[PDB]
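What's in start-v7.tsv: TSV, C-alpha atoms and all ligand atoms
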```
chain	number	residue	atom	x	y	z
A	1	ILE	CA	102.44	14.84	-7.67
A	2	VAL	CA	100.37	11.51	-7.60
A	3	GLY	CA	100.41	9.39	-10.76
A	4	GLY	CA	102.86	11.66	-12.61
A	5	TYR	CA	106.21	11.05	-14.33
A	6	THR	CA	109.83	12.33	-13.61
A	7	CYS	CA	110.15	15.65	-15.44
A	8	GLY	CA	113.81	15.39	-16.16
A	9	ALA	CA	116.48	17.82	-14.78
A	10	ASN	CA	115.84	21.46	-15.55
A	11	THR	CA	113.07	20.75	-18.19
A	12	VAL	CA	110.79	23.02	-16.08
A	13	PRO	CA	113.06	26.14	-15.78
A	14	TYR	CA	110.61	28.39	-13.88
A	15	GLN	CA	110.02	25.86	-11.05
A	16	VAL	CA	111.35	26.93	-7.59
A	17	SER	CA	111.67	25.03	-4.34
A	18	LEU	CA	111.01	27.09	-1.24
A	19	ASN	CA	113.19	25.92	1.71
A	20	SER	CA	113.22	26.81	5.40
A	21	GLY	CA	115.63	24.03	6.42
A	22	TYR	CA	113.79	21.53	4.21
A	23	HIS	CA	111.69	21.82	0.96
A	24	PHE	CA	108.21	22.80	2.04
A	25	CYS	CA	106.41	24.32	-1.03
A	26	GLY	CA	107.03	25.14	-4.68
A	27	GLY	CA	106.66	28.45	-6.44
A	28	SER	CA	107.19	30.06	-9.87
A	29	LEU	CA	109.82	32.56	-11.05
A	30	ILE	CA	108.01	35.38	-12.89
A	31	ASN	CA	110.98	37.76	-13.29
A	32	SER	CA	114.57	37.78	-12.07
A	33	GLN	CA	113.63	39.17	-8.61
A	34	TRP	CA	110.06	37.96	-7.92
A	35	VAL	CA	108.50	34.52	-7.23
A	36	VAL	CA	104.71	33.84	-7.03
A	37	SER	CA	103.59	31.06	-4.66
A	38	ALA	CA	100.45	30.26	-2.55
A	39	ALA	CA	99.64	32.24	0.58
A	40	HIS	CA	99.03	28.92	2.50
A	41	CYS	CA	102.83	28.32	2.11
A	42	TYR	CA	103.69	31.45	4.11
A	43	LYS	CA	106.40	31.31	6.80
A	44	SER	CA	109.30	33.67	7.80
A	45	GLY	CA	112.83	32.78	6.76
A	46	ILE	CA	112.34	31.40	3.22
A	47	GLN	CA	115.31	30.63	1.00
A	48	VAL	CA	114.33	30.25	-2.68
A	49	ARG	CA	116.16	27.38	-4.47
A	50	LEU	CA	116.30	27.81	-8.26
A	51	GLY	CA	117.80	25.37	-10.82
A	52	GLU	CA	116.86	22.31	-8.84
A	53	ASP	CA	116.14	18.82	-9.89
A	54	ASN	CA	117.28	16.50	-7.02
A	55	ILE	CA	116.57	18.70	-3.95
A	56	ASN	CA	118.94	16.55	-1.77
A	57	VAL	CA	122.03	16.53	-4.11
A	58	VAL	CA	123.89	19.76	-5.34
A	59	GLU	CA	124.19	18.93	-9.05
A	60	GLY	CA	125.58	22.14	-10.53
A	61	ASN	CA	122.60	24.29	-11.60
A	62	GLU	CA	121.27	25.64	-8.34
A	63	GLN	CA	120.93	29.28	-7.19
A	64	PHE	CA	119.84	29.60	-3.48
A	65	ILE	CA	118.67	33.20	-2.86
A	66	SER	CA	117.07	34.38	0.37
A	67	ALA	CA	113.87	36.39	0.20
A	68	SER	CA	113.77	40.01	1.15
A	69	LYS	CA	110.01	40.14	1.68
A	70	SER	CA	106.87	38.07	1.30
A	71	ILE	CA	103.56	39.67	0.50
A	72	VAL	CA	100.31	37.81	1.22
A	73	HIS	CA	97.30	38.87	-0.93
A	74	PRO	CA	95.39	41.62	0.94
A	75	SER	CA	92.19	39.52	0.83
A	76	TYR	CA	93.68	36.01	1.56
A	77	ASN	CA	91.35	34.01	3.77
A	78	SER	CA	92.97	30.90	5.31
A	79	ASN	CA	89.68	29.32	6.26
A	80	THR	CA	88.08	29.33	2.73
A	81	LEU	CA	91.43	29.57	0.88
A	82	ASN	CA	90.13	32.23	-1.33
A	83	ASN	CA	92.85	34.51	-2.87
A	84	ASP	CA	95.56	31.90	-2.11
A	85	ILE	CA	98.50	33.79	-3.76
A	86	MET	CA	101.66	35.34	-2.32
A	87	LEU	CA	104.62	37.25	-3.83
A	88	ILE	CA	108.28	36.69	-2.72
A	89	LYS	CA	110.90	39.27	-3.62
A	90	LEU	CA	114.47	37.87	-3.79
A	91	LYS	CA	117.50	39.65	-2.14
A	92	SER	CA	119.54	39.51	-5.36
A	93	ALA	CA	118.31	39.05	-8.99
A	94	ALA	CA	118.63	35.52	-10.10
A	95	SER	CA	120.76	34.67	-13.18
A	96	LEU	CA	118.51	33.56	-16.05
A	97	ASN	CA	119.57	31.03	-18.79
A	98	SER	CA	117.68	27.88	-20.28
A	99	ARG	CA	117.85	25.84	-17.10
A	100	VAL	CA	116.58	28.79	-14.94
A	101	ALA	CA	114.00	31.10	-16.69
A	102	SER	CA	110.85	33.05	-15.82
A	103	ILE	CA	107.29	32.22	-17.00
A	104	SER	CA	104.83	34.74	-18.51
A	105	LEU	CA	101.79	35.93	-16.77
A	106	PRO	CA	98.50	35.45	-18.59
A	107	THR	CA	96.90	38.09	-20.76
A	108	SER	CA	93.62	36.09	-20.97
A	109	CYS	CA	92.11	33.38	-18.58
A	110	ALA	CA	92.33	29.74	-19.74
A	111	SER	CA	89.22	27.77	-20.88
A	112	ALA	CA	88.09	24.38	-19.56
A	113	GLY	CA	89.44	21.70	-21.89
A	114	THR	CA	93.00	23.23	-21.97
A	115	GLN	CA	95.78	20.71	-21.03
A	116	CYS	CA	98.31	22.05	-18.54
A	117	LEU	CA	101.63	20.92	-16.96
A	118	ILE	CA	101.68	20.78	-13.15
A	119	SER	CA	105.02	20.01	-11.34
A	120	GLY	CA	106.53	19.84	-7.81
A	121	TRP	CA	108.23	17.74	-5.08
A	122	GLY	CA	105.10	16.98	-3.00
A	123	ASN	CA	103.76	13.58	-1.94
A	124	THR	CA	103.37	10.89	-4.59
A	125	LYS	CA	100.96	8.52	-2.72
A	126	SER	CA	97.16	8.85	-2.45
A	127	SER	CA	97.19	6.83	0.82
A	128	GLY	CA	100.46	6.84	2.82
A	129	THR	CA	103.54	9.02	2.15
A	130	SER	CA	106.48	9.14	-0.29
A	131	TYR	CA	108.17	12.32	-1.19
A	132	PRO	CA	110.51	12.18	-4.18
A	133	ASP	CA	113.95	13.73	-4.36
A	134	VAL	CA	113.70	14.66	-8.10
A	135	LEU	CA	110.93	16.86	-9.69
A	136	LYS	CA	107.70	15.16	-10.83
A	137	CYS	CA	105.36	16.37	-13.67
A	138	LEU	CA	101.60	15.81	-14.42
A	139	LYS	CA	99.67	16.84	-17.53
A	140	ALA	CA	96.00	17.60	-16.62
A	141	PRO	CA	93.03	19.41	-18.22
A	142	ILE	CA	91.22	22.33	-16.65
A	143	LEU	CA	87.68	21.10	-15.79
A	144	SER	CA	84.56	23.12	-16.39
A	145	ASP	CA	83.35	25.32	-13.65
A	146	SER	CA	80.22	23.17	-13.23
A	147	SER	CA	82.16	19.87	-12.69
A	148	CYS	CA	84.30	21.83	-10.21
A	149	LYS	CA	81.37	23.44	-8.31
A	150	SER	CA	79.50	20.07	-8.32
A	151	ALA	CA	82.60	18.26	-6.75
A	152	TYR	CA	83.08	20.93	-4.07
A	153	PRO	CA	79.59	22.38	-3.38
A	154	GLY	CA	79.72	25.75	-1.63
A	155	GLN	CA	83.57	25.92	-1.86
A	156	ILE	CA	84.55	27.31	-5.28
A	157	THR	CA	84.86	31.07	-5.60
A	158	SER	CA	85.47	32.93	-8.84
A	159	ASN	CA	89.22	32.94	-8.05
A	160	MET	CA	89.58	29.11	-8.11
A	161	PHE	CA	89.46	26.47	-10.85
A	162	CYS	CA	89.74	22.64	-10.88
A	163	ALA	CA	92.09	20.68	-12.95
A	164	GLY	CA	92.78	16.95	-13.03
A	165	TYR	CA	90.75	13.73	-13.32
A	166	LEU	CA	87.38	12.90	-11.79
A	167	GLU	CA	88.33	9.16	-12.00
A	168	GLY	CA	91.18	9.95	-9.59
A	169	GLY	CA	94.67	8.51	-9.38
A	170	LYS	CA	96.41	11.60	-10.87
A	171	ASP	CA	96.61	14.93	-8.99
A	172	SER	CA	99.02	17.35	-7.38
A	173	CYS	CA	99.37	16.90	-3.54
A	174	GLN	CA	100.76	18.25	-0.17
A	175	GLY	CA	104.20	19.78	-1.03
A	176	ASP	CA	103.41	20.76	-4.61
A	177	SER	CA	101.54	23.63	-2.91
A	178	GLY	CA	102.46	27.06	-4.30
A	179	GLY	CA	103.78	25.35	-7.50
A	180	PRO	CA	103.01	26.17	-11.21
A	181	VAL	CA	100.10	25.19	-13.51
A	182	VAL	CA	101.35	26.19	-16.96
A	183	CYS	CA	99.02	26.06	-20.03
A	184	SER	CA	100.30	27.17	-23.52
A	185	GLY	CA	103.43	28.72	-21.93
A	186	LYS	CA	101.56	31.06	-19.45
A	187	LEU	CA	101.17	30.62	-15.70
A	188	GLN	CA	97.47	29.99	-15.23
A	189	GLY	CA	97.34	28.55	-11.73
A	190	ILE	CA	98.96	27.88	-8.35
A	191	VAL	CA	98.63	24.46	-6.64
A	192	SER	CA	96.18	25.36	-3.81
A	193	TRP	CA	94.01	22.63	-2.16
A	194	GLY	CA	91.95	19.49	-2.62
A	195	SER	CA	90.35	16.75	-0.55
A	196	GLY	CA	93.15	14.26	0.05
A	197	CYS	CA	95.06	13.57	-3.07
A	198	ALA	CA	94.02	11.62	-6.16
A	199	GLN	CA	90.57	10.67	-4.86
A	200	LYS	CA	87.71	9.80	-7.08
A	201	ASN	CA	85.55	12.87	-7.72
A	202	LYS	CA	87.87	15.14	-5.78
A	203	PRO	CA	90.00	17.02	-8.39
A	204	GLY	CA	92.77	19.57	-7.44
A	205	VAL	CA	91.71	23.22	-6.94
A	206	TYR	CA	94.04	26.00	-8.18
A	207	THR	CA	94.22	29.79	-7.62
A	208	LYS	CA	93.11	31.49	-10.85
A	209	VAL	CA	96.18	33.65	-11.76
A	210	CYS	CA	94.51	35.75	-14.53
A	211	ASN	CA	92.39	37.38	-11.80
A	212	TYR	CA	95.59	38.62	-10.09
A	213	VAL	CA	97.66	40.15	-12.90
A	214	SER	CA	97.00	43.82	-12.05
A	215	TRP	CA	97.78	43.29	-8.34
A	216	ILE	CA	101.01	41.38	-9.27
A	217	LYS	CA	102.22	44.10	-11.74
A	218	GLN	CA	101.30	46.99	-9.34
A	219	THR	CA	102.96	45.34	-6.37
A	220	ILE	CA	106.12	44.64	-8.42
A	221	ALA	CA	106.31	48.23	-9.68
A	222	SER	CA	106.17	49.64	-6.16
A	223	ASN	CA	108.28	47.32	-4.15
B	301	CA	CA	120.06	19.75	-6.08
```
How would this structure read if it were set down as structure tokens?
Amino acid sequence: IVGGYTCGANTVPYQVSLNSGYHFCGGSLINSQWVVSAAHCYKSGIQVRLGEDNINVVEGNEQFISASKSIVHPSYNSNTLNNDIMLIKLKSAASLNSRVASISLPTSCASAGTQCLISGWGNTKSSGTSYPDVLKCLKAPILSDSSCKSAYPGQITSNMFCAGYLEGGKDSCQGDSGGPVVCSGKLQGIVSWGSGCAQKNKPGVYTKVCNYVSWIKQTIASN
């Protein structure tokens, strides 16, 4: 997360670290057996780590649960990054308490102007590299569709929204990918892509979760 602050241990109870030997992406717990992440984070052999804060030190609140199956959106396109959303079913139900909890899915889409919390263990530098060991947090407003389409001409589909700062210096980044964008206690987005990180006039782009609620509920009821 570039230009963010340390969240503090287990203050973001729905945040998950996806690990295949090393933390590679984040994700969000939506019920005790299912995680939502980004389809660009797909790989085989994912272990979901819940209850994390320092991802390099076992501190007492972790649950590491292997996934049973991963489902990429039927219409995911990796070249345009449209429909960048994937479901991960866990092998056992997780145990939910205040430090590990699920987040609600949206009933209504969020308007531009709404301030959201974005969090993850991705890169913290705009130039160069530095990956933190403890979870970072960023508050950022959803931008209007016209600032977003004017920053990324020809790239924004109806399933994408921008959030962040046009002046730069504060953004999500590589590694926060698949992580949560929470606004008024509902999951509204998934960290998806951007041009670099924290560049002037290049805000973060996020998968618009309210467009996916019926696919998520139907998939969960049948799998
Ligand atoms: Ca840990």
**Report entry** Pick from A:163, A:135, A:39, A:143, whichever lies nearest to residue 86 (chain A) using all atoms listed in the file
**Finding:**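 Of all the options, A:39 lies closest to residue 86 (chain A).
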**Report entry** Among listed residues A:53, A:133, A:167, A:145, nearest residue 202 (chain A) (using all atoms listed in the file)
**Finding:** A:167
Counting all atoms listed in the file, what residues are within 10 Å of ligand CA 301 (chain B), given as a compact mmCIF listing (two decimals) with C-alpha atoms, in the frame of the given file?
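Listed below is the output, pocket21.txt:
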```txt
# COMPACT_ATOMS: atom_id res chain seq x y z
CA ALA A 9 116.48 17.82 -14.78
CA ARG A 49 116.16 27.38 -4.47
CA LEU A 50 116.30 27.81 -8.26
CA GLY A 51 117.80 25.37 -10.82
CA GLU A 52 116.86 22.31 -8.84
CA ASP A 53 116.14 18.82 -9.89
CA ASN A 54 117.28 16.50 -7.02
CA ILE A 55 116.57 18.70 -3.95
CA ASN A 56 118.94 16.55 -1.77
CA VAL A 57 122.03 16.53 -4.11
CA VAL A 58 123.89 19.76 -5.34
CA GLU A 59 124.19 18.93 -9.05
CA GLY A 60 125.58 22.14 -10.53
CA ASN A 61 122.60 24.29 -11.60
CA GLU A 62 121.27 25.64 -8.34
CA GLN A 63 120.93 29.28 -7.19
CA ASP A 133 113.95 13.73 -4.36
CA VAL A 134 113.70 14.66 -8.10
```
Return as JSON the centre and edge lengths, in Å with one decimal, of the box along x, y and z that encloses every atom of region 176-194 of chain A in the file, padded by 6 Å per side.
```
{"center_x": 97.9, "center_y": 25.3, "center_z": -12.8, "size_x": 23.8, "size_y": 23.6, "size_z": 33.4}
```
Query raised in the report: Do you know which residues are at most 10 Å from residue 65 (chain A) counting all atoms listed in the file, after dropping those on the same chain fewer than 6 positions away, and could you put them as a count of residues only?
Result: 13
